[PDB]
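Engineer: Sharing a structure with you now.
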Amino acid sequence: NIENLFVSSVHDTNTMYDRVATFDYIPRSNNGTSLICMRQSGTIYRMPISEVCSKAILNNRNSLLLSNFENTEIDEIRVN
Amino acid sequence: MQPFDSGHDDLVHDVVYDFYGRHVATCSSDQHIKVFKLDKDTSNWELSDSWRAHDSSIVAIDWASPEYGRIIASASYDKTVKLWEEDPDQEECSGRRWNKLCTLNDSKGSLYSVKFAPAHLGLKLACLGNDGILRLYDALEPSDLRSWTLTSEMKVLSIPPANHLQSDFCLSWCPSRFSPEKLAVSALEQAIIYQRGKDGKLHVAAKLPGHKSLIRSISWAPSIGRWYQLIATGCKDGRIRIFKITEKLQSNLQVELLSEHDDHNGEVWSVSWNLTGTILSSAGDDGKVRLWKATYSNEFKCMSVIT
Amino acid sequence: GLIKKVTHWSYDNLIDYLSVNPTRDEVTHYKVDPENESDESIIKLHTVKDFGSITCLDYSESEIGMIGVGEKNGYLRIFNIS
Numbered sequence: 350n351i352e353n354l355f356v357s358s359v360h361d362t363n364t365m366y367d368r369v370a371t372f373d374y375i376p377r378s379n380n381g382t383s384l385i386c387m388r389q390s391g392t393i394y395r396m397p398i399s400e401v402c403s404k405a406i407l408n409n410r411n412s413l414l415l416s417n418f419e420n421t422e423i424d425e426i427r428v429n
Numbered sequence: 001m002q003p004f005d006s007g008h009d010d011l012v013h014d015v016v017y018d019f020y021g022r023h024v025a026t027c028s029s030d031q032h033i034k035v036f037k038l039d040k041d042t043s044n045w046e047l048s049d050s051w052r053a054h055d056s057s058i059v060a061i062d063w064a065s066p067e068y069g070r071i072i073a074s075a076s077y078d079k080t081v082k083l084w085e086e087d088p089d090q091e092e093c094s095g096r097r098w099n100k101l102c103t104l105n106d107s108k109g110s111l112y113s114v115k116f117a118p119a120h121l122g123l124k125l126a127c128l129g130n131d132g133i134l135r136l137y138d139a140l141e142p143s144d145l146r147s148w149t150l151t152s153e154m155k156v157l158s159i160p161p162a163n164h165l166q167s168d169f170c171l172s173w174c175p176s177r178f179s180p181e182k183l184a185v186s187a188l189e190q191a192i193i194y195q196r197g198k199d200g201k202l203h204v205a206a207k208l209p210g211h212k213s214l215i216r217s218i219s220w221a222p223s224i225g226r227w228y229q230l231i232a233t234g235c236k237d238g239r240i241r242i243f244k245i246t247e248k288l289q290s291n292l293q294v295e296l297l298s299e300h301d302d303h304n305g306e307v308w309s310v311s312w313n314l315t316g317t318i319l320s321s322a323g324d325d326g327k328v329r330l331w332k333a334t335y336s337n338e339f340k341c342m343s344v345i346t
Numbered sequence: 002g003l004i005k006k007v008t009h010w011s012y013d014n015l016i017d018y019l020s021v022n023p024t025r026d027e028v029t030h031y032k033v034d035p036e037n038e039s040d041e042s043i044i045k046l047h048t049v050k051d052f053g054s055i056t057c058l059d060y061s062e063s064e065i066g067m068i069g070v071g072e073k074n075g076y077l078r079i080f081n082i083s
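Residue numbers (the entry's author numbering), protein chains in the order written: chain O, 350 to 429; chain M, 1 to 248, 288 to 346; chain G, 2 to 83.
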């Protein structure tokens with residue numbers, strides 16, 4: 350029942366504007382992520398999280414397969 | 001660029017093609033393995049089997065060569081390596097299609113990467129986790145594919161990494177049928193090429209220099225017949241390092296850097312080669328996948344950028 | 002904090018305003034309607050942020066929108082809003 354935690358991966362995202370005091374998550378559709386943030390001056394804006402590709406494998410048929418760090422779906426670039 | 005949804009309930013950690021290219025297996029963080037096939041009629045990916053495999057998040061799977069049958073490895077954080085063989089007489093999408101074979105518990109650490117050997121060394125296997133110890137598993141008995149015996153055990157790091165500090169491990173085998181057995185092993189900021197000596201035990205043969213930060217992907221370029229071999233390195237920096245390894288301890292071998300591109304402005308997560316070692320697909324932190332080819336010179340130049 | 006009232010910019014009866022936050026970080030442009038007392042008359046139109054630490058501000062009456070913005074480092078960032 351007890352799970353000994355350990356850090357697997359660290360993902361760095363730069364905000365749109367600097368000097369941010371606090372932030373908060375936004376639950377998006379299709380397991381997306383956006384960050385609503387409040388600056389040191391109290392201005393509130395919205396910083397989206399980029400869809401960073403996790404794995405880009407090639408193929409014998411020259412087909413590219415793309416997997417993302419955020420959502421579930423897998424992108425495929427066929428050769429036709 | 002048509003997308004298909006894998007149907008996982010969590011993150012997708014590793015996707016690998018099979019030998020023929022018509023099958024993909026997608027491991028995930030919801031302790032499931034889903035195997036997809038390519039229908040020749042509908043021309044769309046469809047699920048073949050989905051089953052709960054491990055007790056933690058699965059981070060690496062790898063297909064075995066089809067001369068050994070349909071065997072899928074699976075390394076996860078619960079310190080287990082589970083090997084799955086497909087039953088031909090079983091229903092589609094049932095969960096009992098892939099039969100469990102072995103659970104290698106010799107590793108006292110959460111694993112990161114599993115890689116099958118090429119089709120000239122045997123039915124070997126490699127594993128690396130947060131323990132600093134490399135483990136090789138050979139299936140020496142062709143009659144039954146369940147007596148997976150540990151044969152080599154080399155320590156890579158002096159101590160296991162800390163609980164909180166992040167670290168990555170990746171493996172890449174050398175698919176040359178006419179060269180001594182080599183293994184490209186990445187551990188944190190170190191990338192080492194092992195080699196099978198005359199005594200049957202691996203030794204440190206050559207170390208790739210550089211690598212100021214964490215190594216996220218090592219891919220050995222397929223030995224198409226050239227006199228030089230290539231290793232692609234995706235570091236936590238922007239650097240996609242390509243190393244030209246020339247071989248001439289049976290044989291001495293030299294490591295020379297061929298190219299070093301900062302064309303991503305972030306962490307390079309996955310770098311992978313083609314069938315012939317001509318197209319290099321690098322995915323980085325900018326959200327764009329950059330393809331690389333060599334034109335009129337040995338130095339690799341950039342090409343089409345997919346975002 | 003600096004609220005500077007600017008005229009000769011609106012063809013209507015509204016009066017343009019230029020505001021600097023008390024932390025001296027942003028410049029905000031307004032159009033205030035005098036005939037309604039409620040706070041909905043203060044219309045926040047535009048905001049340009051991350052101007053270091055603003056130490057002064059001015060406006061050009063000849064052409065609409067030319068709002069000079071100074072800083073502590075020394076940069077006299079002169080730009081346009083309207």
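Beta carbons: idealized from backbone N, C-alpha and C, even for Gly.
Whole angstroms are fine: how far does the CA of M:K82 sit from the CA of M:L101?
Structural biologist: Numbered from 1 along the second sequence, position 101 holds the residue referred to as residue 101 of chain M. Numbered from 1 along the second sequence, position 82 holds the residue referred to as residue 82 of chain M. Cα to Cα, the separation comes out at about 7 Å.
Engineer: Which partner residues of M:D49 appear in the DSSP bridge assignment?
Structural biologist: Taking the second sequence and counting its residues from 1, one reaches residue 49 of chain M at position 49. Answer by DSSP bridge pairing, in chain order: M:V35.
Engineer: If we define contact as Cβ-Cβ less than 8 Å, is G:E72 a contact residue for chain O?
Structural biologist: As a working mapping, residue 72 of chain G is identified with position 71 in the third sequence. No, because no Cβ of chain O sits closer than 8 Å to the Cβ of G:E72.
Engineer: Taking CB distances under 8 Å as the criterion, tell me whether M:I345 reaches chain O.
Structural biologist: For this step, residue 345 of chain M is matched to residue 306 along the second sequence. Yes, M:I345 counts as interfacial toward chain O.
Engineer: Specify, as a first and last residue, the run of the beta strand (DSSP E) that M:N99 falls within.
Structural biologist: Sequence index remark: in the second sequence, residue 99 of chain M carries index 99 (1-based). Segment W98 to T103, the beta strand (DSSP E) holding M:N99.
Engineer: Could you say if the stretch 135-148 of chain M and the stretch 187-201 of chain M meet the contact criterion of at least three C-beta pairs nearer than 8 Å?
Structural biologist: Judged by Cβ distances under 8 Å, the stretch 135-148 of chain M makes no contact with the stretch 187-201 of chain M, as fewer than three pairs qualify.
Engineer: For M:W227, tell me which candidate among M:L319, M:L330, M:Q31 and M:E247 has the shortest Cα-Cα distance.
Structural biologist: Your numbering for residue 227 of chain M matches position 227 in the second sequence. The option with the nearest alpha carbon to M:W227 is M:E247.
Engineer: Beta-carbon within less than 6 Å of G:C57's beta-carbon, same chain only, minus the 5 sequence neighbours each way: which residues are those?
Structural biologist: Working through the third sequence from its first residue, we reach residue 57 of chain G at position 56. Closer than 6 Å at Cβ, skipping near neighbours: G71.
Engineer: Taking Cβ-Cβ distances shorter than 7 Å, what residues in chain M pair up with O:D424?
Structural biologist: Locating residue 424 of chain O in the first sequence gives position 75, where the first residue counts as 1. Result: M1 and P3.
Engineer: What separation, rounded to the nearest whole angstrom, lies between the Cα atoms of M:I33 and M:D87?
Structural biologist: Numbered from its first residue, the second sequence carries residue 33 of chain M at position 33. Numbered from its first residue, the second sequence carries residue 87 of chain M at position 87. Answer to the nearest angstrom: the Cα atoms are 16 Å apart.
Engineer: Let's see if you can read the secondary structure: which residues bound the beta strand (DSSP E) around M:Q190?
Structural biologist: Counted from its first residue, the second sequence places residue 190 of chain M at position 190. From DSSP, the beta strand (DSSP E) with M:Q190 extends over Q190 to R196.
Engineer: Give me, in chain order, the residues of the same chain whose beta-carbon lies closer than 6 Å to that of M:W148; leave out the 5 immediate sequence neighbours on both sides.
Structural biologist: Position 148 of the second sequence, counted from the first residue, corresponds to residue 148 of chain M. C102, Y137 and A139, listed in sequence order.
Engineer: Could you give the distance in angstroms between the alpha-carbon of O:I423 and the alpha-carbon of M:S28?
Structural biologist: Reading the first sequence from its first residue, position 74 is the one you call residue 423 of chain O. Reading the second sequence from its first residue, position 28 is the one you call residue 28 of chain M. Rounded to the nearest angstrom, the two C-alpha atoms are 12 Å apart.
Engineer: Looking at the secondary structure, which residues open and close the beta strand (DSSP E) in which M:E295 lies?
Structural biologist: Numbered from 1 along the second sequence, position 256 holds the residue referred to as residue 295 of chain M. Taken as a continuous stretch (DSSP letters only), the beta strand (DSSP E) holding M:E295 covers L292 to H300.
Engineer: Counting contacts by CB-CB distance shorter than 8 Å, is O:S390 in contact with chain G?
Structural biologist: Here residue 390 of chain O refers to the residue found at position 41 of the first sequence. By this cut-off, O:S390 is an interface position.
Engineer: Quick check: M:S113 and M:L157, are their CB atoms within less than 8 Å of each other?
Structural biologist: Against the second sequence, residue 113 of chain M aligns to sequence position 113. Against the second sequence, residue 157 of chain M aligns to sequence position 157. Cβ distance not < 8 Å, so M:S113 and M:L157 don't count as in contact.
Engineer: Spatial neighbours of M:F19 within its chain, please: C-beta separation below 7 Å, excluding the five flanking residues on both sides.
Structural biologist: For this step, residue 19 of chain M is matched to residue 19 along the second sequence. So the list reads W63, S65 and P66, once near-sequence residues are dropped.
Engineer: Is the Cβ of M:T26 closer than 8 Å to any Cβ of chain O?
Structural biologist: By 1-based counting over the second sequence, the position of residue 26 of chain M is 26. Interface residue, yes.
Engineer: Can you check DSSP and say which residues form a bridge with G:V21?
Structural biologist: As a working mapping, residue 21 of chain G is identified with position 20 in the third sequence. According to DSSP, which records beta bridges pairwise, G:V21 is partnered with G:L3 and G:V28.
Engineer: Closer than 7 Å by beta-carbon distance: list the chain M residues that pair up with O:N409, in chain order.
Structural biologist: For this step, residue 409 of chain O is matched to residue 60 along the first sequence. In chain order: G21 and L314.
Engineer: Across which residues does DSSP place M:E86 in a beta bridge pair?
Structural biologist: Numbered from its first residue, the second sequence carries residue 86 of chain M at position 86. Answer is M:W98.
Engineer: Nearest by alpha-carbon distance to M:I61: which of M:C93, M:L47 and M:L111 is it?
Structural biologist: For the purposes of this step, residue 61 of chain M is taken as residue 61 along the second sequence, with counting starting at 1. Selected option, being the one with the closest Cα: M:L111.
Engineer: Excluding the 5 residues preceding and the 5 following M:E295 in the sequence, name in chain order all residues of the same chain whose CB lies nearer than 6 Å to its CB.
Structural biologist: In the second sequence, the residue the question calls residue 295 of chain M occupies position 256. The answer, listed in chain order, is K244.
Engineer: Could you have a look at G:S42 and say whether DSSP puts it in helix, strand or coil?
Structural biologist: What you label residue 42 of chain G is simply residue 41 of the third sequence in a count that begins at 1. The answer is helix: DSSP assigns G:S42 an H, G or I state.
Engineer: So is O:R388 buried or exposed if we call it buried at 16+ other beta carbons inside 10 Å?
Structural biologist: Position 39 of the first sequence, counting from 1, holds the residue named residue 388 of chain O. When all chains shown are included, O:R388 counts as buried.
Engineer: Tell me the residue span of the beta strand (DSSP E) that contains M:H203.
Structural biologist: Numbered from 1 along the second sequence, position 203 holds the residue referred to as residue 203 of chain M. Here the beta strand (DSSP E) through M:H203 covers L202 to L208.
Engineer: Just the Cα atoms here: how many angstroms apart are M:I71 and M:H54?
Structural biologist: What you label residue 71 of chain M is simply residue 71 of the second sequence in a count that begins at 1. What you label residue 54 of chain M is simply residue 54 of the second sequence in a count that begins at 1. Going from the Cα of M:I71 to the Cα of M:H54 covers about 16 Å.
Engineer: Is there at least one Cβ from chain O nearer than 8 Å to G:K50's Cβ?
Structural biologist: Residue numbering aside, residue 50 of chain G sits at position 49 when the third sequence is read from its first letter. Closer than 8 Å to some Cβ of chain O, the Cβ of G:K50 qualifies, so yes.
Engineer: Closest by CA to M:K115, which one among M:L183, M:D144, M:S152 and M:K155?
Structural biologist: Here residue 115 of chain M refers to the residue found at position 115 of the second sequence. Cα-wise, what sits closest to M:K115 is M:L183.
Engineer: Under 9 Å Cβ-Cβ, which residues of chain O neighbour M:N163?
Structural biologist: Sequence index remark: in the second sequence, residue 163 of chain M carries index 163 (1-based). Result: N353, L354, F355 and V356.
Engineer: Checking contacts by CB at 8 Å: is O:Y374 closer than that to chain G?
Structural biologist: For the purposes of this step, residue 374 of chain O is taken as residue 25 along the first sequence, with counting starting at 1. No, its Cβ sits nowhere closer than 8 Å to a Cβ of chain G.
Engineer: Please list the partners that O:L415 has in chain M, where partner means a Cβ-to-Cβ separation under 8 Å.
Structural biologist: In the first sequence, the residue the question calls residue 415 of chain O occupies position 66. Near O:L415 (Cβ distances below 8 Å), the residues of chain M are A322, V328 and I345.
Engineer: Quick one: is the Cβ of M:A64 within less than 7 Å of any heavy atom of the ligand PLP?
Structural biologist: Of the ligands one can find in the structure shown there are none, so the ligand PLP has no counterpart to examine.
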